[PDB]
């Protein structure tokens, strides 16, 4: 069959699957089909029989609304994605959800849809390949050698995150990253010129990319030459400017916004079949077309050759090969749990009053030698977030390093780190001031949705940061993280809770962990062995009374000391009081009900939450008959000690709120 006929198989499956679902996006799949045919059939290194092959090329659809493009490619090339799944596009619990989802579907590398994040993920995958190659390859043994290919459209280009990640990709000279821009002139509002006029090629040259202009995206020869040129440029990421017609093949909807995001309609599909010369019924693909698209034979041969290379590497470099396998599988070192517990116990036995941002740095220092998979960084705040340890080595200085200076790029940093975790081989950590989780907020959500392990180190967590004032002082950010599905959030009260939280984060297998860390020094709490072991349960009894409590303080982070001081005053008066430290609400909620009852007995309704964050969160644990010593406003610019007084974080106020509560009970 001709290359155009092979590409038209994508067009037919895509328009037909959208039509059957009465939902979805036919235009971009039809516009990019010729580019995909060249890339996938002539260049992409992959094995449909093992989508987890460590050295496969990675493909990313940043314009993820065009999901039928990737489903068509996976089906046609022989992945485990049968025609019946394509006939179930956008239907409940199918393998073909409306935007592609990692884990749902063999061969999907990332969950995309939110524009701009796919290219960010691809930058992270390319950083991962470059770093892993530098760490593991040896003379005569290049066991890491693969490309990262991304498709992206006008929406990704307009989004600010594209600027963040493509700027950094240029700095890092990511010569195995090759992006294809679907330059079709159309977005949802219509002809893009009314709102998007960049000289995109000049912009990308300003980032240090190699740019190939004026590619005919409907001409296989033009596309193939451009890909060859990009592969020959080994010291710059490449952008291929592909002129395409959205909805290519449709006489009445090609080149129109109408083709972007709704079914073409039955009559228009019939006219499209006529224009394309496509003679097959919906969901019919002839054997000749499958024979030319199938990648099982070539893919198995390529993976088998790689397996033989890896076997030879393992003979010459046995310890390195074992580390490669462990890291690509995402497994932890067998002795990590014991060694981390030993560190935690040492901290409990050797008290220190330090900021939890410093306790975080100390945990990185302790775990660094044990976790060579760390690939950490900060968004231009290394000396404030405290993300460097003695073994940190910046990858812009040494490609085999373990640290990224991300610059002032919080959203891009977080979505790059999602790509790093998706690649395999690494455990990424990222960092900024907590307020700027808001810049990165959807990438944080995407880490949780994709079940990815990433530790997110958020410092300067409250009015305790002092004079920088209300634009920087978090109030409501932690509450939002706490109600995000599959997110773990820890607000440690001292250096011991900080190390437990770090351990919890690195040991998650199925989602991310945010650490909520103080600028100011935090006193260490004394703990029994039982309390020490129960920190990891997220909430535990820190101070207690004999018998059933009359009054329970629930406190987190920097406010535990205040709650303890109020507890001591009331205990001396003869109140049966308790303090619960709640470093992680999510870990607490996951405990068995007997444990939760032992900490927060259902019969004890006189509960006072204490936290320098938005009060409204705490109704979850105090209900309608408790009290909350929290924030209800933005902060103020002043020294931290005066702010804590101004906003009611005083022993007198906490005691008064508890006594007022005890009248009612």
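So that the term is clear: the rigid core is the largest set of C-alpha atoms that superpose within 1.5 Å between two forms. Positions refer to the first chain, counted from 1.
Root mean square Cα distance to the shown form, taken over structures and residues in 6 other deposited structures of this protein after a core fit, is higher for 586 to 594 when 586 to 594 and 115 to 123 are compared. Averaged over structures and residues, the CA distance from the shown form in 6 other deposited structures of this protein after a core fit is larger for 543 to 551, of the two stretches 543 to 551 and 150 to 158. 392 to 400 and 327 to 335 differ in mean CA B-factor, and the higher of the two is recorded for 327 to 335. Of the two segments, 456 to 464 and 97 to 105, the one listed with the higher mean B-factor is 97 to 105 (C-alpha atoms only). The residue among 589, 205, 476, 526 whose C-alpha carries the highest B-factor in the deposited model is 526. Listed residues 127, 165, 92, 570 were ranked by CA B-factor as deposited; 92 comes out on top.
Annotation for residue 622: CA B-factor lies in the highest third of the chain's modelled residues. Compared with the other modelled residues of the chain, the Cα B-factor recorded for residue 87 ranks in the middle third.
Per the PDB record, residue ranking by Cα B-factor puts residue 113 in the highest third of the chain. Remark: residue 419 belongs to the lowest third of its chain, ranked by C-alpha B-factor as recorded.
Ranked by Cα temperature factor within the chain, residue 292 sits in the highest third according to the deposited record.
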